[PDB]
Amino acid sequence: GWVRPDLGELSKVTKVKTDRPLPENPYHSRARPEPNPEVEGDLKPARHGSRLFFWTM
Amino acid sequence: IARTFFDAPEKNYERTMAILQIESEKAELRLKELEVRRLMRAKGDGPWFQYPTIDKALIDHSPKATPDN
């Protein structure tokens, strides 16, 4: 009672019902470094301008 | 002469005080900027001296032709 598959049938992506649990960390990766603090707050003008030698702006 | 041309001593006094306050603020800000630059260069945790690295949005995550990867 066996019927051979047609073209493209054996190349399909199927779905599998299994009972073993998903590996939550399969790459055995350790803890990632903490990111740097980002920019917060509104931008304000520079205090007394450039502060480059004698320039007052 | 002192009424027409010259300036009041109080005006020069308070003007000098304003100038001194502004310049002391500028000098303190310059020293703080030097210290901040030294610390950011040494530690590398600040917004400056952030040399670029490889962007991780380029990594392919789809399954490959070989399971061991």
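So the protein sequences, as listed, match chains A and B.
Counted from 1, the first sequence has number 87 at position 53 by my numbering; the numbering is strictly sequential.
Counted from 1, the second sequence has number 32 at position 28 by my numbering; the numbering is strictly sequential.
In this text, a Cβ means the ideal position worked out from N, Cα and C, and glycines have one as well.
* Using a Cβ-Cβ cut-off of 8 Å, state whether B:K30 counts as contacting chain A. => yes
* To do: Would you verify that the beta carbon of A:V73 is, or is not, closer than 8 Å to some beta carbon of chain B?
  => yes
* chain A contacts from the segment 39-72 of chain B (Cβ-Cβ distance under 8 Å) -> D49, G50, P51, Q54
* To do: Kindly say whether A:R81, judged by its beta-carbon, lies nearer than 8 Å to any beta-carbon of chain B.
  => yes
* How would you list, in chain order, the residues of chain A whose beta-carbon sits under 9 Å from the beta-carbon of B:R34? -> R85
* Determine the DSSP secondary structure at B:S28, reduced to helix, strand or coil. => helix
* Would you mind telling me which residues of chain A sit closer than 9 Å to B:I23, beta carbon to beta carbon, in chain order? => Simply none; closest approach about 11 Å.
* To do: Taking only the alpha-carbon atoms, compute the straight-line gap between B:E32 and A:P57 and give it to the nearest angstrom.
  => 56 Å
* Could you check what DSSP says for B:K36 in three-state terms: helix, strand or coil? => helix
* Can you give the Cα-Cα distance for A:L86 and B:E27, rounded to whole angstroms? -> 12 Å
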